[PDB]
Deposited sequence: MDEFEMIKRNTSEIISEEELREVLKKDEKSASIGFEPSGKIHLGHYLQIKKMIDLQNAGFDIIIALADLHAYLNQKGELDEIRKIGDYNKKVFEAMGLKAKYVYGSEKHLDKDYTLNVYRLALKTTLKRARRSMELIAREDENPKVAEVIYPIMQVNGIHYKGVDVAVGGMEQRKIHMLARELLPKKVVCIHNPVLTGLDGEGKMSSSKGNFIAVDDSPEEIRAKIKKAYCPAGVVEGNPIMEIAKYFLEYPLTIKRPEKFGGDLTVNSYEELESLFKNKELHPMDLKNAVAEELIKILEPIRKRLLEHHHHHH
């Protein structure tokens, strides 16, 4: 089912019913924005896979390259083109836009500012709510950068939701907003970030994938905040066979993450064995993508 395919593994969909109605149009666009990253990791990949879900539903995909660090990009500029290679290599075909800031720019920005109120604008800020005028204007500038220029759907992590909630109030365009979960990093602290070695870059070698996974936070029986279980949920295909030592009961067949979840919850699956599986499966899954470097 196309709707269910889009919903699978999302945190929320503003206007579910709205999304359905969007699906009926022949021509339909989705955007997502990524701040360019020196490394593309599983966090990025989780999103692209969602864009790919939409692509498969006949969405025209738009990827906005987000430099709002305009406060150099002769340097940022093809970290962008590189990311582009990676998204192409993950099998995503889309049209690219970047920060550019044409003449009509300040006009609509101010028009949005006419509508938002200081109380409203403050609600919209991240948690260093506490003030410079830049901090109050910024979110309206972010709302403007949303590629709503004819898109029916906008996608992003749950961390963007405050802004997304604003954009829905402010835009002449009612846009469906789609949130992906955020991956926990390997060390079990915050979100997967290309810092703390808690990331898996989609281009890591087998040796490295194994190494990083071996060190990762994975408490036995525990599923919340378990990054190895997250990787299992978001990336792997089922049924899945887990190879194991005889002292731990030999090969184990899971037909779904739900079946796997209970098996770990009851400590029928040890972390050592779960990590070993996720490593090998992940390797197989990134390997075709990694191979798109001649």
Report task. Would you mind checking the deposited sequence against the model and listing the stretches with no C-alpha coordinates? Result -> 1, 73-77, 107-109, 140-143, 308-314
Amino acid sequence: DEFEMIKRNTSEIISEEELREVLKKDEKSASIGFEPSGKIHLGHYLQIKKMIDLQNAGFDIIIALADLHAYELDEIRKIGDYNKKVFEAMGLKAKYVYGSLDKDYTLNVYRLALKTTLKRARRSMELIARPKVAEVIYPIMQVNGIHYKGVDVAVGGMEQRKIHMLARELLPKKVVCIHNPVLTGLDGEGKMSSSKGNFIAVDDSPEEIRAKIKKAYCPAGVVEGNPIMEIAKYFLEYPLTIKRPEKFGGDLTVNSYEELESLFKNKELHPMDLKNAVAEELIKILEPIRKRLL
From here on, numbers count along this sequence of modelled residues.
Report summary line: For 85-93 versus 191-199, entry-based mean Cα B-factors point to 191-199
**Report entry** Of 239-247 and 222-230, the stretch whose C-alpha atoms average the higher B-factor in the entry
**Finding:** 239-247
Query - Deposited CA B-factor, highest of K162, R210, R120, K149 - result: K149
Query - Highest-ranked of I79, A167, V136, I178 once sorted by CA temperature factor in the record - result: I79
Report task. Check where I40 lands among this chain's C-alpha B-factors and tell me if it's the lowest, middle or highest third. Result -> lowest
Report summary line: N108: CA B-factor among chain residues, third -> highest
Query raised in the report: What third of its chain's C-alpha B-factors does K291 belong to: lowest, middle or highest?
Result: highest
Query raised in the report: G156: which third of its chain by C-alpha temperature factor?
Result: lowest
Query raised in the report: Taking the entry's C-alpha B-factors for this chain, is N144 in the lowest, middle or highest third?
Result: highest
